Peer 1: 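Could you have a look at this structure, given as structure tokens, before my questions?
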Amino acid sequence: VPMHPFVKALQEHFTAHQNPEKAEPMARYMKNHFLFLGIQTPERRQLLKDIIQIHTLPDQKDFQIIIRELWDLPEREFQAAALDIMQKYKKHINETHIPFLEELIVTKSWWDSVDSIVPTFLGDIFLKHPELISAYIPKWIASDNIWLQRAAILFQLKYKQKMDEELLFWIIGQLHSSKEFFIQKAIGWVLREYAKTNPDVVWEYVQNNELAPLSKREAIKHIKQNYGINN
DNA sequence: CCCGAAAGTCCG
DNA sequence: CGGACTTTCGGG
């Protein structure tokens with residue numbers, strides 16, 4: 001079965017505009033986990049737009065197929081493009097897609113893909129269907145996969161006044177002992193972000209509960225100005 | 001334009 | 001450890 005023609009067209013068009021000179025530092029920035037073509041976001045977005053203009057966006061029946069096929073290509077720009085395409089199908093994504101999104105999180109995993117899946121796509125789903133959180137979050141925390149653990153921490157990132165504080169702090173308590181940078185930093189980020197909505201609750205939490213030094217320092221990067229640094 | 005964010009390197 | 005500094009990206 002041939003590659004979907006839309007994916008083949010995107011592959012051809014991106015490859016024709018590759019930049020091996022830029023690809024080297026781009027690959028180093030992601031710790032050489034991926035090959036890169038060397039195409040930065042503004043041009044990558046335009047090249048995708050070119051292909052949509054010529055071919056049209058595929059029928060929604062092929063949405064998941066297109067994403068998978070791009071996910072399977074070696075160069076990282078294809079995963080970035082896949083996420084751009086998934087946004088174009090946003091109004092068609094619902095709670096039945098949680099396993100599909102899980103599988104994206106745990107394949108070709110790094111912060112650049114996971115952070116573009118979790119607080120947006122998964123965040124929106126669990127905001128509408130909070131009763132499903134307990135069908136996934138406990139498994140994610142218990143798993144050996146750090147990207148699922150990060151997903152558990154960051155899916156509420158943008159919730160603001162809709163943050164479930166008890167849940168957030170429970171999740172952080174489960175993961176506070178992790179020695180993994182991407183977990184410590186995710187804890188820092190979600191606390192720093194939530195502190196923009198409720199600084200008193202974040203300050204009290206970090207002063208009275210154990211956290212890795214990195215997590216605490218990142219959490220209070222801004223709000224330490226509001227409370228002061230005691231001698 | 002601006003700022004804040006993931007990251008990243010380099011240094012003490 | 002954590003501060004100083006870097007580019008790239010998203011949003012105001």
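We use all heavy atoms of the structure for the numbers below, so side chains are in, but hydrogens, waters and symmetry mates are not. Below, chains carry the letters A, B, ... as their sequence lines are ordered, and counting in each starts from 1.
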Peer 1: Applying side-chain hydrogen bond (donor to acceptor under 3.5 Å, both in side chains), which residue pairs with at least one partner in residues 53-70 of chain A are found, sequence neighbours left out?
Peer 2: A/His4-A/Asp62

Peer 1: What is the distance, to the nearest angstrom, from the NZ atom on A/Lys185 to the P atom on B/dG4?
Peer 2: 15 Å

Peer 1: Would you tell me if any nitrogen or oxygen in the side chain of A/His222 comes within less than 4.0 Å of OP1 or OP2 on B/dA5?
Peer 2: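 Checking B/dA5 against A/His222, a side-chain N or O does come within under 4.0 Å of OP1 or OP2.
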
Peer 1: Rounded to the nearest angstrom, tell me the gap between atom CG in A/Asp115 and atom P in C/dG11.
Peer 2: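 Rounded to the whole Å, the gap is 14 Å.
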
Peer 1: Under the convention that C1'-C2'-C3'-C4' above zero is north and below zero is south, what is the pucker of C/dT6?
Peer 2: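 The sugar ring of C/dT6 falls in the north range (positive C1'-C2'-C3'-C4' torsion).
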
Peer 1: Got a sec, which pairs hit side-chain hydrogen bond (donor to acceptor under 3.5 Å, both in side chains) with one end in residues 73-82 of chain A, sequence neighbours left out?
Peer 2: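 Passing the test, one end in residues 73-82 of chain A: A/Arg76-A/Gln79, A/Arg76-A/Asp112, A/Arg76-A/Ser113.
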
Peer 1: Output the rounded distance in Å from NZ (A/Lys158) to P (C/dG10).
Peer 2: 11 Å

Peer 1: Can you give me the N/O atom pairs linking the protein to nucleotides 1-4 of chain C at distances under 3.5 Å, or say none if there are none?
Peer 2:
unit_1, atom_1, unit_2, atom_2, d
C/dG2, OP2, A/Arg217, NE, 2.7
C/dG2, OP2, A/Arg217, NH2, 3.0
C/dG2, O5', A/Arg217, NE, 3.4

Peer 1: Please report the distance, rounded to the nearest Å, between CD in A/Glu24 and P in B/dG8.
Peer 2: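 That distance rounds to 18 Å.
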
Peer 1: Identify, with sequence neighbours excluded, every residue that meets side-chain hydrogen bond (donor to acceptor under 3.5 Å, both in side chains) alongside A/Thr107.
Peer 2: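 For A/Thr107, the residues satisfying side-chain hydrogen bond (donor to acceptor under 3.5 Å, both in side chains) (neighbours in sequence not counted) are A/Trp71.
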
Peer 1: Is there a side-chain contact between A/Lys108 and A/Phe34, using heavy atoms and a 4.5 Å cut-off?
Peer 2: yes

Peer 1: List the residues meeting salt bridge (charged side-chain N to carboxylate O under 4.0 Å, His left out) with A/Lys179, not counting sequence neighbours, and say none if there are none.
Peer 2: none

Peer 1: How many Å lie between CG on A/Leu157 and P on B/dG4, as a whole number?
Peer 2: 16 Å

Peer 1: Tell me, with the steps shown, if A/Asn19 and A/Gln40 meet side chain to side chain donor-acceptor pair (under 3.5 Å).
Peer 2: CA-CA 10 Å; A/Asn19 182 328; A/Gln40 294 172 302; over 6 Å; no

Peer 1: Which one, B/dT9, B/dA7, B/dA5, comes nearest to the side chain of A/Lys31?
Peer 2: B/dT9

Peer 1: Under 3.5 Å, which donor-acceptor pairs do the side chains of residues 151-162 of chain A form with other protein atoms, sequence neighbours left out?
Peer 2:
unit_1, atom_1, unit_2, atom_2, d
A/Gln156, OE1, A/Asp164, N, 3.1
A/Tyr159, OH, A/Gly123, O, 2.7
A/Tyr159, OH, A/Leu127, N, 3.3

Peer 1: Does A/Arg28 put a side-chain nitrogen or oxygen below 4.0 Å from OP1 or OP2 of B/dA7?
Peer 2: no

Peer 1: B/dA5 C1' sits how many Å from A/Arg150 CZ, rounded?
Peer 2: 11 Å

Peer 1: Please report the distance, rounded to the nearest Å, between CD1 in A/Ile220 and P in B/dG4.
Peer 2: 17 Å

Peer 1: It should be established whether A/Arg44 places a side-chain nitrogen or oxygen under 4.0 Å from OP1 or OP2 of nucleotide C/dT8.
Peer 2: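 A/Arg44 to C/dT8 OP1/OP2: no side-chain N or O under 4.0 Å.
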
Peer 1: For A/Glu218 and B/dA5, what is the distance between atoms CD and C1' respectively, to the nearest whole Å?
Peer 2: 10 Å

Peer 1: Tell me which residues in residues 33-41 of chain A lie within less than 4.0 Å of DNA chain C, going by non-hydrogen atoms.
Peer 2: A/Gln40, A/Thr41

Peer 1: Just to be sure I understand the rule, does A/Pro25 reach a base, reach only the sugar-phosphate, or reach nothing, if contact means heavy atoms closer than 4.0 Å?
Peer 2: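 Contact class for A/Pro25: none.
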
Peer 1: Output all residues satisfying salt bridge (charged side-chain N to carboxylate O under 4.0 Å, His left out) with A/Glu102, sequence neighbours left out; order by chain, then residue number.
Peer 2: A/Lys139

Peer 1: Answer yes or no: does a side-chain N or O of A/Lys196 lie under 4.0 Å from OP1 or OP2 of B/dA5?
Peer 2: yes

Peer 1: What is the minimum heavy-atom distance between A/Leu37 and A/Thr15, and which atoms define it?
Peer 2: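 Heavy-atom minimum between the residues: CD1-N, 4.2 Å.
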
Peer 1: For residues 202-213 of chain A, pull every pair meeting side-chain hydrogen bond (donor to acceptor under 3.5 Å, both in side chains), keeping only residues two or more places apart or in separate chains.
Peer 2: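 Every side-chain hydrogen bond (donor to acceptor under 3.5 Å, both in side chains) pair that includes a residue of residues 202-213 of chain A, provided the two are not neighbours, is A/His176-A/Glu210, A/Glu204-A/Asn208, A/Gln207-A/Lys216.
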
